[PDB]
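Before any questions on binding or motion, here is one chain by itself as structure tokens, the form deposited in one PDB entry.
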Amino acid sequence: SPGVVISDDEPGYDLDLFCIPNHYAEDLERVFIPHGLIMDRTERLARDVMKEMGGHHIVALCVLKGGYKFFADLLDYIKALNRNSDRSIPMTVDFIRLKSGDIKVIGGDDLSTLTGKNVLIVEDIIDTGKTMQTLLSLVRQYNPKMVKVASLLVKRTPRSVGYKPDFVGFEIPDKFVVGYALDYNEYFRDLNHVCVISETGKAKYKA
């Protein structure tokens, strides 16, 4: 599934109709994906993941920083299924961050711990697909039973990387979005909605 298709001409929502941190009011243009919509989609995704990856021990990899909200919420919905259903399997977690002869993968346990396990990579957004590709390579060379990619967002943008994510929250236009742990120079992570920055905000927090 490509996930919830958010069309290129999606207008989003007026900021004044939602609850927002008032110190971001002029830094945002529109609410793009309301927090609650993310929850509803993430509920379904949790079931899709259990459908495909259930039946054997899952190792859930959180891609920091931007993946942490989606990760926490996805796993909570998975946990909700597993304690209210007959079908259930153990799930362990790990956290990696890519470096701010290529990208260093900060942290993470011994790579042998993924061997023989159903591995779920959880990302915030697929743009160039290079983040996803490096992580797929970094996991595959330790022979898990399977590797799957969950991503909150996928941008409709030209991509050389072939692999398509297995679980997708929303497929969005090529707009620069923030919120729900997605940042602009470390700001907007505390926003619960996904929003499009304004040119004002982009200039205000520019590094």
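Sequential numbering from 1, following the sequence displayed. Only the largest set of C-alpha atoms that superpose within 1.5 Å between the two forms is called the rigid core.
There is also a form deposited in another entry; it is not shown, and the following applies to it.
Only one candidate in 72, 80, 111, 93 has its Cα displaced by 2 Å or more between the shown form and the other one after core superposition: 111. A displacement of 2 angstroms or greater separates the C-alpha positions of residue 161 between the shown form and the other one, with the rigid core held in common.
In the other form, the Cα positions of residue 160 and residue 155 lie at least 3 Å nearer to each other than in the form displayed. If you compare C-alpha positions, residue 173 and residue 162 are 3 angstroms or more closer together in the other form than in the form on display.
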